[PDB]
Structures are given as structure tokens and as C-alpha cells.
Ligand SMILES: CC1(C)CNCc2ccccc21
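As a starting point, one isolated chain is supplied in C-alpha cells, in the form deposited without the named molecule.
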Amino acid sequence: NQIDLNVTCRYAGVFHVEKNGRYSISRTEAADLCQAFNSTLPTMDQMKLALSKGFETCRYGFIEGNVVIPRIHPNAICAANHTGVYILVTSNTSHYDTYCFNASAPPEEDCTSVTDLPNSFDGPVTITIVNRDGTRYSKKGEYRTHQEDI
């Protein structure tokens, strides 16, 4: 009973979370997941500022109201070569990664590793935070409040 959460640097408090190395988070799960990091789904404004500080990914993830990819460099296989916060317009499917926003994080680039999941609750899952540098933090708990996300 294990969940891997790959996380990134924070940029103006915004970061990306990928669950189990696949697009596998629902919108409800994403809000609960960010809540476990004492975080919220970023607003479009928060994501734009994060982008201006150096944030980009090549993965669709939830923000408040939309599913986006922040892009700095145009890459043909990431957000169809677009730059800026690319908004997913048409998709059949509902599961993506998520972005999260931690208001207490540093204002610009914070590429230190994540060493806690401070607001997860009691549960049976071994949740492992996997940083880009491989370092890991694991704890037994749960963050999913909606049964259909479990």
C-alpha cells in the first residue's frame, strides 16, 4: 500500500507533484494532496509568477480552474511548442498531475528538497515524497478524503 509523490523545486511557492509516475490524480484528489502539503491549488496568477521565476514542466497538472503546463522554452513535445502558462483546452480524460502552492515557501526559486508531508492524516498508506535528486521522505498516512479517489 504505497504512493510515490514526485515533487519539484518551488517557484514562488508553486511546485509540481506527480503521483506514481503516471497521470493519476483527479481534481478532488489534487486539492486533498495539496492540503497535505499545507498548500492549495495555485491560482492562474500564482502560476504565472512561478513561471516568471523559472518554473516550467512538461506535464499537465491542475491549478485552480484549469489544467496547465507552465513553459519557458518552446519544446515541440511540451504544450505543443507554446510558452507561458499553457492551458489544456480539449481532452477526453480527467486525471493529470497537480500543481500545489505553499504560501510559506521562499519567494523565488527554492530548489531545496521536500522533507515532510506536514498535513497528511492517519491512514494505512506508505507515502513517499520523491525529490528530483532522489532523496526521499516517507510516512504512513493518508491524504485522500474522497473514497472514489482511493
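The first residue of the sequence shown is number 1, and the count goes up from there. By rigid core we mean the largest C-alpha set that fits within 1.5 Å across both forms.
**Student:** Following superposition on the rigid core, is the mean squared CA displacement, expressed as RMS, greater for 106 to 114 or for 90 to 98 in 8 other deposited structures of this protein?
**Tutor:** Farther from the shown form on average in 8 other deposited structures of this protein: 90 to 98.
**Student:** Using only C-alpha atoms and the B-factors in the entry, which stretch averages higher, 65 to 73 or 78 to 86?
**Tutor:** Mean B over CA atoms: larger for 78 to 86.
**Student:** Which has the higher mean CA temperature factor in the PDB entry, 115 to 123 or 91 to 99?
**Tutor:** Looking at the recorded C-alpha B-factors, 115 to 123 comes out higher on average.
**Student:** Compare the C-alpha B factor of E108 with those of the other modelled residues in its chain, then answer lowest, middle or highest third.
**Tutor:** Highest third - that is where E108 ends up once the chain's C-alpha B-factors are sorted.
**Student:** Grab the CA temperature factor for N20 from the record and place it in the lowest, middle or highest third of its chain.
**Tutor:** Tercile = highest for this residue's CA B-factor.
**Student:** Looking at the entry's B-factor column for C-alpha atoms only, identify whether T8 ranks in the lowest, middle or highest third of its chain.
**Tutor:** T8: CA B-factor falls in the lowest third of its chain.
**Student:** Quick check on the deposited entry: does the C-alpha B-factor of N131 sit in the lowest, middle or highest third of its chain?
**Tutor:** Tercile = lowest for this residue's CA B-factor.
**Student:** Taking the chain's C-alpha temperature factors as the reference, tell me which third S52 falls into: lowest, middle or highest.
**Tutor:** For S52, the deposited C-alpha B-factor lands in the middle third.
Omitted from view is the form deposited with the named molecule bound, to which the following refers.
**Student:** Answer with yes or no whether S138 is in contact with the named molecule in the deposited complex, where contact means some heavy atom within 4.5 Å.
**Tutor:** Judged by the heavy-atom cut-off of 4.5 Å, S138 is well away from the named molecule in the deposited complex.
**Student:** Relative to the named molecule in the deposited complex, which residues of 111 to 150 have a heavy atom no more than 4.5 Å away?
**Tutor:** In sequence order, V130, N131, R132 come within 4.5 Å of the partner.
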